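A.B. asks: Pasting in a structure now, in structure tokens, and then I'll have a few things to ask.
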Amino acid sequence: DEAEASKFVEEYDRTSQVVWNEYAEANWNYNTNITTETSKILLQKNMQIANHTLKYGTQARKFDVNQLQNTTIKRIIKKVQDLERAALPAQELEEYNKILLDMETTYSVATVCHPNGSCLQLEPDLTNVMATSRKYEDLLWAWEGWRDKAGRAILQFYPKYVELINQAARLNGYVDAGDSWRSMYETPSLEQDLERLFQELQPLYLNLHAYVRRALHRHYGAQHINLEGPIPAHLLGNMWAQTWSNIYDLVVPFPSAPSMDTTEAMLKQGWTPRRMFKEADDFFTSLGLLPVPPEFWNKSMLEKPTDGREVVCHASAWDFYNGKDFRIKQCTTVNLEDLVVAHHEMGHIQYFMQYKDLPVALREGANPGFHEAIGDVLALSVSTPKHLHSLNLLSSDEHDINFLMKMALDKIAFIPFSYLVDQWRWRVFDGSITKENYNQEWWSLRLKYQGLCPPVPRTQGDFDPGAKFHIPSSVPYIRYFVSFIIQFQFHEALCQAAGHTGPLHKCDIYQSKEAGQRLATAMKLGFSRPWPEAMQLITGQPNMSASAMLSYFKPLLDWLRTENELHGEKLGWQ
Ligand SMILES: *[C@@H]1O[C@H](CO)[C@@H](O[C@@H]2O[C@H](CO)[C@@H](O[C@@H]3O[C@H](CO)[C@@H](O)[C@H](O)[C@@H]3O)[C@H](O)[C@H]2NC(C)=O)[C@H](O)[C@H]1NC(C)=O
Ligand SMILES: *[C@@H]1O[C@H](CO)[C@@H](O)[C@H](O)[C@H]1NC(C)=O
Ligand SMILES: C=C(C[SeH])C(=O)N1CCC[C@H]1C(=O)O
Ligand SMILES: [Cl-]
Ligand SMILES: [Cl-]
Ligand SMILES: [Zn+2]
């Protein structure tokens, strides 16, 4: 009966703690030291963790969730009925694990070598190149090189990963893996919800896109930039053209109101990775949110190790399910871009900390977008000129439009990219897209949503999606599209809670205890209630809505329209 359901839930949570704890360490030992031994150990703890998942998932399914009074118990047991990969037969489960690990190693150890010299790693050698070069051919070298090395080598692994994860999903009662992922939002209208949100941010993006294309035309020359066509994917200052802030100089609305070189200022002033995470820590405490435990500074990996040992460089935050041990792993570089990433990751840690008293089953984000948005909200305030000037990294209507542009190159530009990744991935999981149409359909979406074309035509053998961490790493990506919309909603709520008046882009919530209180009450819920309840606690209303973001950039939209009009731009790509 009911009494048996809660004994079960209590038994699940305590054994899950221990086992999830042993898994995370082994996972961490591999991530921060990629070698054969750590892999072998990670592969072994995988069987263990699966042995545990099966035992408890099998039991959970013997419960009729319908007969259960307590909703909290209802929801845990229902979640425990999802075995994930552990639904797989033992041989396929061991193959599946091997595939993932092989895909992750492949991605993380890949290099792009000059004919007779330097071999370059994605972080930060290729990343730096993408950000800083303005020579069409060097950009192309790195763009194509990364795709030829990480992309192509992921291709051999992907169709079978796809086969196995779909089988896992069908074995857990889903139609395919994407359906399973989407299910994490508990929102049957998810797809239409996101599509409507995407349509709302269009005038803003089409206008950004056209303005940026006009500037690229001006720097790279008419022969390379068609003013009525897609932008070559390699000129946006970022390996994936996902954020465009690194070409700010080429696009600056008013060079007449020049801005400081932040990276100069950071390096010159003895900024360090440690100091960047310490300032993020300080920002969270200014709000009366939790500080990171001493142990965090002992255990984290906040910069690229010097050992000559391979690591997964891509930033991640780690909950050890201890209530005590929390870590970040980042190959942090000293620039403004990674300052923002350090806040993003610190929002993860803060979320682990707020909900650490919940049962581990419910130790997760209200939805995955919420988990991604926390740190970004604070970073919206960090990124203000008034906050940046106080960090000694910066020094007036002109400056205001420059700021919004800077922010727009980061935030608006990512909207179609974050929409596209899982539009392609869902259509792969459900069979619309086969290993023969992988790359072509990836670029039909790059064109449709982002207005990009590949600068080099793609050939059979290319698997460009394999060149983005999340594909080989099998981490869903819609979470980030949801993150970008909602964080603006959170920022607007927190700003009004903090008493601030007038144009929303001028808000800085540093030290606002009222804002900290809203986020905290929301984060403590973990995954115990459906997300609209947290949405409500923060914003006073239950929906996702693009309105705050439209409102944040409204002055920029006006300026972009005027400006694209007078140059006679033709928005979009025919
Ligand atoms: C269904 O079962 C759950 C889980 O056993 C019940 O939720 C739990 O309810 C207790 C008592 O309301 C909560 O404790 C409270 O929270 C804090 C910290 O523990 C404390 O300071 C308060 O004074 C109070 O004791 C507990 O947090 C809560 N647990 C969870 C995971 O939500 C729930 O009440 C049951 N529902 C019904 C309708 O009986
Ligand atoms: C890398 O792995 C080896 C052997 O598996 C281990 O002894 C060593 O501690 C690891 N290196 C670092 C820096 O942790
Ligand atoms: C910060 C992370 C690691 Se959780 C990340 O991967 N981000 C942050 C936003 C989307 C994105 C990306 O790399 O593309
Ligand atoms: Cl690409
Ligand atoms: Cl997600
Ligand atoms: Zn994140």
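Just so we're aligned: the sequence shown equals residues 40 to 434, 439 to 617 in PDB author numbering. For each residue, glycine too, the CB sits at the ideal point set by N, CA and C.
(1) Considering only their Cβ atoms, is the gap separating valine 464 from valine 201 smaller than 8 Å?
(2) Can we count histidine 387 as close to ligand 6, meaning its CB is less than 7 Å from some heavy atom?
(3) How many Å lie between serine 157 and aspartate 164 at the Cα?
(4) Hey, could you find the ends of the beta strand (DSSP E) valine 119 is sitting in?
(5) Check whether the Cβ of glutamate 123 sits closer than 7 Å to any heavy atom of ligand 6, and report yes or no.
(6) From which residue to which residue does the beta strand (DSSP E) around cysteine 152 run?
(7) Which two residues bound the contiguous beta strand (DSSP E) that contains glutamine 160?
(8) I'd like to check one pair, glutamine 530 with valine 416: are the Cβ atoms closer than 8 Å?
(9) Out of curiosity, what's the CA-to-CA distance linking residue 437 and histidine 91?
(10) Excluding five sequence neighbours on each side, which residues of the same chain lie with their C-beta closer than 8 Å to the C-beta of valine 214?
(11) At a cut-off of 7 Å, is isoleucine 521 close to ligand 5 when judged by its beta-carbon and the heavy atoms of the ligand?
(12) Pull up the CB-CB distance for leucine 397 and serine 571, whole angstroms please, since I reckon it's below 8 Å.
(13) In chain order, what residues place their C-beta within less than 6 Å of a heavy atom belonging to ligand 1?
(14) Rounded to whole angstroms, what is the Cα-Cα separation between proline 598 and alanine 456?
(15) So which residues put a beta carbon under 7 Å from any heavy atom of ligand 2, going in chain order?
(16) So who's on the other strand from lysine 368, going by DSSP bridges?
(17) Please determine, among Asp40, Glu76 and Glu64, the residue with the shortest C-alpha to C-alpha distance to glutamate 349.
(18) Name the DSSP bridge partner or partners of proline 271?
(19) Quick check: the stretch 146-153 against the stretch 92-109, are there 3 or more CB pairs under 8 Å?
(20) Within 7 Å: the Cβ of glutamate 234 and any heavy atom of ligand 6?
(21) Expressed to the nearest angstrom, what Euclidean distance is found between the alpha-carbon atoms of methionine 587 and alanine 541?
(22) Between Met448, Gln554, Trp357 and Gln503, which lies nearest to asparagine 246 when the distance is taken from Cα to Cα?
(23) Exposed or buried, what is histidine 428 when buried is set at 16 or more other beta-carbons lying within 10 Å of its beta-carbon?
(24) Please determine if the stretch 317-328 and the stretch 131-148 are in contact, where contact requires at least 3 C-beta pairs separated by less than 8 Å.
(25) So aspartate 377 and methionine 315 are in contact, right, with Cβ under 8 Å, and what is the actual spacing, rounded?
(26) Please specify which runs of the beta strand (DSSP E), each continuous and at least 3 residues long, are wholly inside the stretch 507-544, giving them in chain order.
(27) Would you give the residue range spanned by the alpha helix (DSSP H) that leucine 194 belongs to?
(28) Taking the alpha-carbon of residue 438 as reference, which of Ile116, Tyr244, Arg366 and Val48 has the nearest alpha-carbon?
(29) So is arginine 468 buried or exposed if we call it buried at 16+ other beta carbons inside 10 Å?
(30) Would you grab the beta carbon distance between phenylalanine 409 and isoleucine 458 for me? Rounded to a whole angstrom, and I think it's under 8 Å.
(31) Please classify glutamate 576 as buried or exposed, where buried requires at least 16 neighbouring CB atoms within 10 angstroms.
C.D. replies: The relevant details are as follows:
(1) no
(2) yes
(3) 10 Å
(4) Note, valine 119: premise wrong, no beta strand (DSSP E); alpha helix (DSSP H) at 110-119.
(5) No, since every heavy atom of ligand 6 falls outside the 7 Å radius drawn around the Cβ of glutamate 123.
(6) 150-152
(7) 158-160
(8) yes
(9) Within the gap of the chain, which runs from 434 to 439, lies residue 437, and it has no coordinates in the structure.
(10) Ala208 and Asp473
(11) yes
(12) 6 Å
(13) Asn109, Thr111, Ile112, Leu397, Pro398 and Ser571
(14) The straight-line gap from Cα to Cα measures roughly 17 Å.
(15) Taking each Cβ in turn, the ones that pass are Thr71, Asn72, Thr74, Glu76, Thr77, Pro344, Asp346 and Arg348.
(16) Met340 and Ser355
(17) Comparing Cα-Cα distances from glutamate 349 to each of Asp40, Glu76 and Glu64, the minimum goes to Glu76.
(18) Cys496
(19) no
(20) No - ligand 6 has no heavy atom lying nearer than 7 Å to the Cβ of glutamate 234.
(21) If you take the alpha carbons of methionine 587 and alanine 541, they lie about 21 Å apart.
(22) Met448
(23) exposed
(24) no
(25) So it is a contact: roughly 7 Å between Cβ atoms.
(26) Runs found: none.
(27) 191-194
(28) Absent from the coordinates is residue 438, which sits in the stretch where the chain moves from 434 straight to 439.
(29) Result: buried.
(30) The Cβ separation is near 18 Å, so there is no contact.
(31) With fewer than 16 other CB atoms across the displayed protein chains lying within 10 angstroms of its CB, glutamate 576 is exposed.
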